[PDB]
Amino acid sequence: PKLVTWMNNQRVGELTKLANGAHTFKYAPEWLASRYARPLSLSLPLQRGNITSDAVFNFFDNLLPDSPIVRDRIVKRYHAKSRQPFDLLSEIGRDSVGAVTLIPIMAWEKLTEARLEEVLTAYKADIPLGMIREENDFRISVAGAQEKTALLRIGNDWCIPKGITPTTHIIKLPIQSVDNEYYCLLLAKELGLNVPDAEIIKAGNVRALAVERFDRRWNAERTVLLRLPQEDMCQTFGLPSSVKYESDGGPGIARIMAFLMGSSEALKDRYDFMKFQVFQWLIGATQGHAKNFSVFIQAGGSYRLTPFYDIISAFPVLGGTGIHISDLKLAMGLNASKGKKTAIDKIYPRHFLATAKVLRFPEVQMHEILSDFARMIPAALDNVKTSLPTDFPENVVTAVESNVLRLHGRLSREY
């Protein structure tokens, strides 16, 4: 049938699946006439009538977990009509990344430590996104291939939101990734990068990562929780999650930098994006694909980059399973004298400078970024280390700082 699409308390339009299986979307005239109307996606510009392009199917598919296995679980959990996005979202689309609420204001159930552990380990019983069969009003969806869930934090209590109430945190579970990401987010923050705050939460013998959502915002008085429109780069370019990597045809640095020229914060966003490329290289982050970058869609359809997220270093995984440093590749390659430069172990300042030059990113700014990491990295690693718990896995810290300092040496010798 039909899924009515809401942005907070406003009707945006409807998603329908035709008798031919095609996914179509139509904006409500009331939405189109609203003062600050904005599109669901920059790939789905405001217009009247049914939109039938592949961009519709892809946009909504990108709201679901990437893994075909996780999708199998959802189907089995809610006896979904099929595996298509419309049918899976009919079941779990009330709360997803961004502000799209799909249904065919503030209510919740507080969780006890015992119940919290139940949700956080439900995946062991083939439960998708911690949506235990016990509940029936816990419908959430979150993209990405890593096992996770999402919860509502009210004060210092964890809660399962009911109906259309939003979640406030994305909870990532162990597939040592929890400690890895925790460390990387702290290092990012220490270096002045825009990333969300996160904390390691405990529930029995379970250790998960609770990441504060930047697609959610409480009003000043903390009485109402709103969702903020947001989409990832696959969505913004109308592409399927299957091509998130540049090697599979997804957007690279050049395409995203050109797209950011249209940002309401273009110069800042371009600078921050290039800075983050140098950061990913330094920490051996190999999964900076298109779905790991997003933009907020603002009133009137303007857009701006969101904070960076899903930051994992490959360094702690080296050697243990035979992966060598020479095997680490940036998801989005840099310019090389000939072709591209992708090997973290072979990249130097010259590659960032050559890339900036061809992309019209000021050379002075690129030097600034490189020189800033050259003098700040040592102190940043130390400061983070001192901020880590005492039970934090020392091997993670060792693997990351030794490998970061090794690459950092390349910057300090130049700057």
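All residue numbers are counted from 1 along the displayed sequence.
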request  = Enter the number of deposited residues without atomic coordinates between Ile175 and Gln176, binned as none, 1 to 3, 4 to 9, or 10 or more.
outcome  = 10 or more
remark   = Here the number of deposited-sequence residues unresolved in the coordinates between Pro104 and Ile105 is 4 to 9
key: 42-50 versus 66-74 - greater average Cα B-factor per the deposited record   = 66-74
ask   = Averaging C-alpha B-factors over each stretch, which comes out higher, 282-290 or 142-150?
value = 142-150
remark   = Based on the PDB entry, the highest CA temperature factor among the options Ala28, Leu388, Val364, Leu359 is that of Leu388
From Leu405, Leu15, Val397, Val12, residue of greatest CA B-factor = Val397
message = Which third, lowest, middle or highest, does the C-alpha temperature factor of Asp179 belong to within its own chain?
response = middle
task = Within this chain's modelled residues, let me know which third the CA B factor of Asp197 belongs to: lowest, middle or highest.
result = middle
key: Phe259 - which third its CA temperature factor falls in, relative to the rest of the chain   = lowest
request  = Select lowest, middle or highest to describe the third in which the CA B-factor of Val206 falls within its chain in this entry.
outcome  = highest
message = What third of the chain does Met233 rank in for C-alpha temperature factor, lowest, middle or highest?
response = lowest
